[PDB]
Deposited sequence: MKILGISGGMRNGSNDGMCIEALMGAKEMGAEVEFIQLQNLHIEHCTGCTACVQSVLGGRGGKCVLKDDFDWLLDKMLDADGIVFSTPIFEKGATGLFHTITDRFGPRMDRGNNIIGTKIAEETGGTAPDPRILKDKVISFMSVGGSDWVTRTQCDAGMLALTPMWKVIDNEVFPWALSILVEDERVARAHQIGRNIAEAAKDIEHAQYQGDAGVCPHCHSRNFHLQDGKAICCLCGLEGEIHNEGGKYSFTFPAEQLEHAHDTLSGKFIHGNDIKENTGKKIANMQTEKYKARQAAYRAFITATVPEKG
């Protein structure tokens, strides 16, 4: 099995070391290993080296991804790579687009795109402003539905490479990801159990009568039993979870419906007139 490790830090920084230490654990379990430093890549925002990167991810059986924490989440570059997964890696649309290709004599999209795959994440921050990065990491695996094995957070980690026990945790994440790639089907999540019995997430959006898992998006309720929190929801909701084929199909169907309504609305006079007034009112300032 091939384990691919990706670092989002500075060249030769702590994320490099944590991600390389994990590759070592993966080689210890008999995996072939490869390492990509994102600072060498040119990746444009979602309106260039991206297709190369995605191609490498497709050939790997498992991936370890180490990102720095910026403002209690992953880097803008991580977010960009998440943005740029949608058009290409959504398990839903690729199942659909494959079927349609078969049934209309289309050409069969890249098979690797639909292969099950395992992925692990480590978030390395310099202080404890780290409340959002795990959920960021999950988001990236949610679009292709890659089975997440570990999704660890490492606060107060400026000097982590001389803290042997945390370096060792990263070696164990390397182990886990290789063992899991040995049998992607029966691989099982190894990380924190968290609060969402489904997502494992600990991030929730809270309004009156509705708590929503920020990762998987079940709407449910959050219960405080003497300072311990838990998340319950109605078993209908599993049908809609954003990390299930069922919920993706629902989500994609509603997108196609509302994109048709949009295309029709853009031919009304209401739309055209309102747009024509906006252009008349003001023009965008650009740098000379």
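Engineer: Can you give me the gaps, meaning deposited-sequence stretches with no C-alpha coordinates, in sequence order?
Structural biologist: Counting from residue 1, the stretches without coordinates are 48 to 67, 309 to 310.
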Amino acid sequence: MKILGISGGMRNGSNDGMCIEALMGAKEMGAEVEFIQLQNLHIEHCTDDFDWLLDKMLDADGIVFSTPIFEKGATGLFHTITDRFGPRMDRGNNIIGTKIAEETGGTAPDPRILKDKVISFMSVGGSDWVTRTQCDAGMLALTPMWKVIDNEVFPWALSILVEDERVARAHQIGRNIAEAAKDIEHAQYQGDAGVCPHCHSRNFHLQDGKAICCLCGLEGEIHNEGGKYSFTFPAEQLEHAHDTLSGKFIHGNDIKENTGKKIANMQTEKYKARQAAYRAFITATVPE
From here on, numbers count along this sequence of modelled residues.
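Engineer: Please work out which of 256 to 264 and 217 to 225 has the higher mean CA B-factor as recorded in the PDB entry.
Structural biologist: Per the deposited B-factors, the answer is 217 to 225.
Engineer: Read off the CA B-factors in the entry, average them over 237 to 245 and over 64 to 72, and name the higher stretch.
Structural biologist: Stretch with the higher mean C-alpha B-factor: 237 to 245.
Engineer: From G194, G125, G92, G106, pick the one with the largest CA B-factor in the entry?
Structural biologist: Top of the list by C-alpha B-factor: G106.
Engineer: Just the C-alpha B-factor column, please: which of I81, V130, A157, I100 has the biggest number?
Structural biologist: It is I100.
Engineer: Looking at the C-alpha B-factor of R202, is it in the lowest, middle or highest third of its chain?
Structural biologist: As the PDB entry reports it, the C-alpha B-factor of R202 lands in the lowest third of its chain.
Engineer: Going by the entry, which third of its chain does the Cα temperature factor of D136 land in?
Structural biologist: Its C-alpha B-factor belongs to the lowest third of this chain's values.
Engineer: Mind checking which third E165 falls in for C-alpha B-factor across the chain?
Structural biologist: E165: CA B-factor falls in the highest third of its chain.
Engineer: Consider only the C-alpha atoms of the modelled residues in this chain, order them by B-factor as the entry records it, and name the third containing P87: lowest, middle or highest.
Structural biologist: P87: CA B-factor falls in the highest third of its chain.
Engineer: Could you place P144 in the lowest, middle or highest third of its chain by Cα temperature factor, using the values in the record?
Structural biologist: Tercile = middle for this residue's CA B-factor.
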